[PDB]
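Each value in this text was obtained by applying a stated rule to the coordinates, not by laboratory testing. Ideal geometry is used to build each Cβ from the backbone, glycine not excepted, and the neighbour counts take in all protein chains shown.
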Amino acid sequence: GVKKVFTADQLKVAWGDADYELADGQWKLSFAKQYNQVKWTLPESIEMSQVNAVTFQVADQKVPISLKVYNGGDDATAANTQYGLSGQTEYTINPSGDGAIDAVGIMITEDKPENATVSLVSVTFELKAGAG
Amino acid sequence: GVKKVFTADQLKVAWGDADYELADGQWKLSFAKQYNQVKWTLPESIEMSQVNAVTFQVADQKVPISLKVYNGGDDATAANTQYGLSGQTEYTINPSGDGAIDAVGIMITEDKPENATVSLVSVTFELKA
Ligand SMILES: O[C@@H]1[C@@H](O)[C@H](O[C@@H]2CO[C@@H](O[C@@H]3CO[C@@H](O[C@@H]4CO[C@@H](O)[C@H](O)[C@H]4O)[C@H](O)[C@H]3O)[C@H](O)[C@H]2O)OC[C@H]1O
Ligand SMILES: O[C@@H]1[C@@H](O)[C@H](O)OC[C@H]1O
Ligand SMILES: [Cl-]
Ligand SMILES: [Cl-]
């Protein structure tokens, strides 16, 4: 029930081959090629077993997006990734597995992007009931 | 302390004589007259005793702003208001007094507003506990 919310200005870019800039309080992203993406580090890691849901809030979405919750590996696991999401300003991933969530990411799967842009507003971690 | 964060889309407008619209995940405001303002209700009431600091995050600020933390009266108390703020994207009020915090506000004090606009991004409650 407890929610840890990070707005865009609290998320630092760890890696990204997309184009990104923090402007007007949002991470504004532009993608030029298939699988271009950004990875952000969390200010503090959160144990995976404590998290019920991770909700990404976006704005000005002009391309379907893929969302990732990392738990310490070189990439997010398939169970912690959702692909081709469109039509909402908030998307929820219910993650599972071991270790701690250290990062999140946004990626595109479109093979020939054109005017492929989106803004990240915030990422929210809702903890399981009784997880403190 | 623990931080309870409300982004713009979680904040409901209670009252406002400023112009306001929720766009691109932000409350976008325009002020045509002195003391024009918006008051938003919070998703939940928070006891004042439990609150250390309330931090307002803004974007595209084009006019100095005044910030308010309500605690049950028809207006926010002077102790819970800060006036004429400029130059930052985050401003903090350390509130005081009785009761529960259930709303926040943004106001302009400029006497002849011109292209007076600002966006609200989020409001953060830093708790003692
Ligand atoms: O419809 C859904 C399909 O889109 C989907 O396919 C998965 C799409 O993601 C694939 O994984 C990508 C592969 O690219 C990685 O990027 C590389 C990072 O290193 C760079 O050197 C390289 O240039 C990039 O390509 C990216 O991290 C990773 O996420 C995955 O293998 C596909 O399975 O599958 C589900 C369908 O429903
Ligand atoms: O707080 C302000 C005070 O410091 C200044 O002197 O006059 C105007 C007030 O708003
Ligand atoms: Cl803007
Ligand atoms: Cl926009």
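Summary of values
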{"read-out": "25 Å Cα cut-off, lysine pairs counted over chain B (separation 8 or more, or different chains)", "value": "29"}
{"read-out": "Amide hydrogen neighbours beyond the local backbone of B:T89, cut-off 5 Å, H modeled", "value": "none"}
{"read-out": "Length released on extending from B:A78 to B:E47, taking residue separation times 0.36 nm less the Cα-Cα span", "value": "9.3 nm"}
{"read-out": "Normalised contact order of chain B, rounded percent, pairs of Cα under 8 Å and 6 or more residues apart", "value": "40"}
{"read-out": "In order through the stretch B:5-21: 3J(HN,Hα) via Karplus (6.51 cos²θ - 1.76 cosθ + 1.60), integer Hz, x for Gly, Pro", "value": "10, 10, 7, 3, 5, 8, 9, 9, 6, 8, 6, x, 9, 6, 7, 9, 8"}
{"read-out": "Prolate/oblate/rounded call for the protein assembly as shown, Cα gyration tensor, a/c under 1.5 rounded", "value": "oblate"}
{"read-out": "Pairwise centroid distance, computed over Cα atoms, of the stretch A:34-56 with the stretch A:58-132, Å", "value": "7"}
{"read-out": "Table column - 3J(HN,Hα) (Hz), the stretch B:91-105, Karplus curve with 6.51, -1.76, 1.60, x for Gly and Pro", "value": "10, 10, 10, 9, x, 8, x, 9, x, 10, 7, 10, 7, 9, x"}
{"read-out": "Summed side-chain charge close to A:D60 - residues other than A:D60 whose Cβ falls under 10 Å, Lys, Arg +1, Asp, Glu -1", "value": "+1"}
{"read-out": "About the Cα centre, charge dipole magnitude for chain A (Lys/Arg +1, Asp/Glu -1 at Cβ), debye", "value": "200"}
{"read-out": "Placed amide H near A:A116: partners under 5 Å, 5+ positions off or other chain", "value": "A:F31"}
{"read-out": "Distance in nm between pseudo-label sites at A:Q34 and B:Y35 (7 Å out along the Cβ direction from Cα)", "value": "6.3"}
{"read-out": "10 Å Cβ neighbours from other chains, averaged over peptide B:93-102", "value": "0"}
{"read-out": "Farthest positive-ward along the protein assembly as shown dipole, Cα basis, beta-carbon charges - from A:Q57, B:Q26, B:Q88", "value": "A:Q57"}
{"read-out": "HN-Hα J in Hz across the stretch B:114-129 - Karplus 6.51, -1.76, 1.60, θ = phi - 60°, x for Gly and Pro", "value": "9, 6, 8, 9, 7, 10, 9, 8, 6, 10, 10, 9, 8, 8, 5, 7"}
